[PDB]
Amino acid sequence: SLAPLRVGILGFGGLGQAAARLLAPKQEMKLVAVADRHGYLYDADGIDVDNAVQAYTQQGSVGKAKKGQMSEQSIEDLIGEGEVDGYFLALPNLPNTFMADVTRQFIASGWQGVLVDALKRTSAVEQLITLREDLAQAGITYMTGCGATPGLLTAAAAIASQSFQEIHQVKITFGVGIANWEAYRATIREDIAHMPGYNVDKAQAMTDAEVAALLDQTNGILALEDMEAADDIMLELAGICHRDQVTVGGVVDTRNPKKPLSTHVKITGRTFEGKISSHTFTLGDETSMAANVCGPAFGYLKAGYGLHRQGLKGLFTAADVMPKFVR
């Protein structure tokens, strides 16, 4: 609180903006750094989040904020300009190697400290796993899949698993209600890619005409099933179950702020007594995606710094470490 963790956010779409708002009341964490594609903002005294959001939404980049710098190498620039202890990578993984490529930038820069992502797709977390020794040698402590799911729900399953001799199934069912289309339309193609007959390339190339066309066919509801979702490999690496016993689905209602169903994870297994049973972890319907992604993300950044300060570098998942409550 005399010595808060100095943190940055890379990416300032809806998620990074929400992360900035979440950090505002924190005593022991201070936002000093934001970057987007076209500009960055450093302030060792703490970001003016109102000014950064104005700049981004009104002028298209935080580079246009007071103290903002326009730059086409915004991330390269920001890394070198300021004392930052940990970054939240609130970047869409677009192209599908970008998170790994931003991370390769961090490795290349000679910067050390904590990185946290809220990656979703198994194949994305697999690219970060390939970098675990590169990260370790660099002196980076990297927390992967530390959002809502993967993240919060993955940790809940890892704890719930302790009652069982054998895990049979981990089933994640999420709900999202969109309150502000503005701070979502940037990322809707990420969700549509999981729709039947879609892939990341097909979703990303869609026009708003095609998006509105698709959404009108279901009153703005995206019912997603058997998603490529890194909870599977994270629980597998944690020794809890095989990735094939993990299934992720959910509902995003693009036309209602109200969560369309209660986010939960159900962990089914057999106990040492041979009894088959299930634990369920259910999220409150008034906890938003932002709260359930960004809250854990900074809890893992804080846990990560704890690991970093004890000399433990490399790659950790949300299934591997207990997140620390941030005040």
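For every residue, the number given is its place in the sequence shown, counted from 1.
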Between the two ranges 252-260 and 150-158, the one averaging a larger CA B factor in the entry: 252-260
- prompt: Would 182-190 or 137-145 have the larger average of its C-alpha temperature factors, as given in the entry?
  reply: 182-190
message: Among 92, 239, 175, 86, where is the Cα B factor highest in this entry?
response: 92
message: Checking the record values for 322, 326, 3, 7, which has the greatest CA B factor?
response: 3
- line: Temperature factor at the Cα of residue 198, chain-ranked in thirds, falls in the highest
query: Considering only modelled residues of the same chain, in which third does the CA B-factor of residue 209 rank: lowest, middle or highest?
result: highest
- request: Check where residue 309 lands among this chain's C-alpha B-factors and tell me if it's the lowest, middle or highest third.
  value: highest
task: Can you work out whether the C-alpha temperature factor of residue 31 puts it in the lowest, middle or highest third of the chain?
output: middle
- request: State the tercile, meaning the lowest, middle or highest third, of residue 164 with respect to the CA B-factors recorded for its chain.
  value: lowest
